[PDB]
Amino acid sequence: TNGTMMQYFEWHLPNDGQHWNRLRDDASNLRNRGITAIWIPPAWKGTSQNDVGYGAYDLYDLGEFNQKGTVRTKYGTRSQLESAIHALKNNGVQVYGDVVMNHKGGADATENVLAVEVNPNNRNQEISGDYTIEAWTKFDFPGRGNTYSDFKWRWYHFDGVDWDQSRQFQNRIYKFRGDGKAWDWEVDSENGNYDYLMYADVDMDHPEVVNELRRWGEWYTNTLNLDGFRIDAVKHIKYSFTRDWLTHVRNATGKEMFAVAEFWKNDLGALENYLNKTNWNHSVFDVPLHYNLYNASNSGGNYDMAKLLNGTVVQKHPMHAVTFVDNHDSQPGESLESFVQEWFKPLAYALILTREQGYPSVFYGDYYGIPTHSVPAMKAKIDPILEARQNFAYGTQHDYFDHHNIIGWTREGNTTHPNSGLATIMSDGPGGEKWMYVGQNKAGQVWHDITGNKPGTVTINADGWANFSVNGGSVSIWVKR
């Protein structure tokens, strides 16, 4: 089959400890609809039970220990997680674990640390003398003791923080002083140096940090029997660290470990740099495409659809692109809000799912909805497109990004997938038609719109061509009836 990944969470999931169960109970159905890989939410203990997991407190506490006021994570207990992972494995579905190494939050205790303030707008600029702050840097994990790992985090494992417990000033970032202390590099250059993001920033220059994060990497992989990784916040983590951490873990575990990194920047040049700097050893989410999609969805039909793939990872480097419509960062109300409007969402999914380029990701928030923000489940509309991908989107592709409203592509199908072959056609504006070539061996085949957006049929002519149609603001995916 074609590989399809799913982000199986959104920001505003209920804190009911029942998410690992939902996943478990969804494993079969998801595999049957062609989902071949699940990126699971952060599996470890956050700063609290309701933390989505990115407030990463204890990477070794997978809802196992009584820490931060809870045993389970937001999603459930460790044993629930294993049952769900097992459900996925029995179905041949891959498990991609989230990976949050940029920072740690929810420290157990503070330390007095000699620090320097930096300009939040340019973290390269030191804007104060040295002075001592009270910094949240001591991680002893008292609920876990030394089970799994005896490693204790101290100030010297971090580069800096955004809070002085003794003074409690807002809007400050503190770089730690000491021999060898500097924001890491290379990282994104926004704000001069974007090493600092939040909480206690991990010092990727510290040998103990490197050694520890590498071994946790193995432990995490071995423990949960992960198949790959979704890597969090990679523009704020020393690029060479990520590259080598990944190689370390693949070396140590003997596993392929597919990885996709969240390098969130609407900037192909920047993503390319990151890919070069990480030796092309893993994929990045196609953030530029996400923005193209969002922009398109906001343009009232005025977007030039022929340019929808322009400036994107999937157009230039599709083998290193994971394509996605939305994620928890872009969802309504979140830090990077840029949610693809509902009318356009099917077209976006048809784009990522029915083309041969890139490794498409389905957003839980899109699929099952975001009830907190009145975003409907769009499973009813996505399902036909996943069926297209699963059973029809095979063989030679023919692109027709040749109109500013009406674009489409066909797939000739192949012999391994019987009756495979499709013609996707979408319009961000008024509907219409387009002659597309689906293969001459398809001659006289009667085709219909698997989305049911367009009623009726289209019959492949003798040349292997048909005039496929689409409604306005819509997508049709024609397949053999």
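Residue numbers here begin at 1 and follow the sequence given.
Stretch comparison (403-411 versus 297-305) by mean CA B-factor in the PDB entry places 297-305 on top. Look at the C-alpha B-factors of 286-294 and of 377-385. On average they run higher in 377-385. Reading the B-factor column for the CA atoms of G76, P346, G217, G333 in the entry, the top value corresponds to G333. Of the candidates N327, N251, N102, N281, the deposited coordinates give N251 the top C-alpha B factor. Among the modelled residues of its chain, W465 has a C-alpha B-factor that falls in the highest third, as given in the PDB entry.
Remark: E356 belongs to the highest third of its chain, ranked by C-alpha B-factor as recorded. When the CA B factors of the chain's modelled residues are split into thirds, the value for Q7 lands in the lowest one. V362: CA B factor in the lowest third of modelled residues in this chain (values from the PDB entry). Per the PDB record, residue ranking by Cα B-factor puts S474 in the middle third of the chain.
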